[PDB]
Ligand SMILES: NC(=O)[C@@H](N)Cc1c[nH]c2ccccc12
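Here you get one chain, nothing else, as C-alpha cells; it is the form deposited without the ligand.
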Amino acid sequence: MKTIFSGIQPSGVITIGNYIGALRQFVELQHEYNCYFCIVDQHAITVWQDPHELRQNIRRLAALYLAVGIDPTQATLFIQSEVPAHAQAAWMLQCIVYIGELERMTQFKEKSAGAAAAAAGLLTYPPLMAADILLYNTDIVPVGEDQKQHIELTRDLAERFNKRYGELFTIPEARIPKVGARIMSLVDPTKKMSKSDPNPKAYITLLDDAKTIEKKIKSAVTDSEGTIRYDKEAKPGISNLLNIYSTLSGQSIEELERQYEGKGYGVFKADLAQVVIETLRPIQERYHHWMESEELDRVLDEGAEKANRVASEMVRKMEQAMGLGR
C-alpha cells in the first residue's frame, strides 16, 4: 500500500475546520493506506516554549487524535523526539542542503524579518522536516498550499541524495485535501478558519463546550438578505455556515436550502449549533477517557517502537552511503 506521513504540531487545539478538512478523512484512509501520525515536538522547540505546556500539549494532541478515531493498531501514532533517527537523519541532510536553499525558504524569510535575533532553528528546520518524511519512504504527504514549497525542498533533497549516493529515498508527493470543504472564519467569511486567529470567535475547537459552540455559532456572520441560499461571493457567511452544516450532517446543500425554505437565520443558527455540539460530544468524551487513562502511554510507546523500527534501518542505510561509522 502507499504510505502517508502527517506531522502534528503540539498545541492541543485543532479546529472544526481541520476535522472537516483532513482529520476526519484520515479516520477512513487509515485502513487503505499506511498512515504515520507524528507529533513533531522537536519542531515546536524552535520558538519559545513553556516546558510544562509543551509536555502537556503532546499528551492532549495524542489523546485528541485517538478520540477523533485514529486506530493505534491500524496506524502509527508517535512522538517525534522518541525516535532518534529523526535528529540523526536531520543532520546528514543538513550536510547536503545548500545554505541558499534554506535562506530562500519563504517560511524562513517570513519570520526572519520581524525580529532582532531568531533561533537558528527557524532557519534549519527544513532539513529536519525533510527527514521526518523521507525516513518512512512515505509516498503521500497531506499538506496545505502554504507548505507545498516545503515538500518541494524535501523532494529535491531526496533526489539529490539518491543520485549522489544511490537510490534510497522515495520522492514524496504533496496531495492536497478533498476540494470544497475549506471551512472559512466564523467572523471573516473570506478568511480561512485558522487555529491561530487573533479572534477565538472565528473558530470552534474540538474541545469547545456546548455553551461556547452555541455562543460562537450564534455570532457567525451572515448577511442582510435573510434567506438560506448558497452563494460563495455575495452570501459568504451563510454559505460557509451551510458548508459546515452539510458536511457534519450528511445532507447536501440542496436538501438544506430546501429544508430551510421560508426559515430565517435565527432557526438556522440554532439548528447548526446542535449538529455541531452533537458531533463533538462523543469526541470530547473519548478524549477525556484517553487523557486520564494510562493506556495512552501504552499506545505512544508501541508507536515510537514501530516508527523507530523503520526509521533506524533507514538511518543505517544513510550512514552506509555517507560513509559514517563502521
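Numbers for residues come from their place in the sequence shown, where the first is 1. Each form is matched to the other, and the largest set of C-alpha atoms that superpose within 1.5 Å is called the rigid core.
Beyond the structure shown, there is the form deposited with the ligand bound, which is absent from this document and is the topic of what follows.
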Quiz item: If contact means any heavy atom within 4.5 Å, which of 67-75, 127-135, 219-227, 163-171 contacts the ligand in the entry with it bound?
Solution: 127-135
Quiz item: in the entry with it bound, does residue 141 have a heavy atom within 4.5 Å of the ligand?
Solution: yes
Quiz prompt | Any non-hydrogen atom of residue 6 within 4.5 angstroms of the ligand in the entry with it bound | solution = yes
Exercise. Would you please decide whether residue 249 lies within 4.5 angstroms of the ligand in the entry with it bound, comparing each non-hydrogen atom pair?
Key: no
Quiz prompt | Contact of residue 63 with the ligand in the entry with it bound (heavy atom, 4.5 Å) | solution = no
Quiz item: the ligand isn't shown here, but in the entry with it bound which of 205, 81, 88, 147 has a heavy atom within 4.5 Å of it?
Solution: 147
Quiz item: Which of these residues, 286, 43, 59, 269, gets a heavy atom within 4.5 Å of the ligand in the entry with it bound?
Solution: 43
Quiz item: Which residues, if any, of 154-175 lie within 4.5 Å of the ligand in the entry with it bound when only heavy atoms count?
Solution: none
Quiz item: Which of 245, 78, 161, 136 has its C-alpha displaced by 2 Å or more between the shown form and the other one after core superposition?
Solution: 245
Self-check item: After fitting the core, residue 304 CA displacement of 2 Å or more between the shown form and the other one
Solution: no
Quiz item: After the core is matched up, is the C-alpha of residue 148 off by 2 Å or more between the shown form and the other one?
Solution: no
Quiz item: Would you say residue 51 moves its Cα by 2 Å or more between the shown form and the other one, aligning on the core?
Solution: no
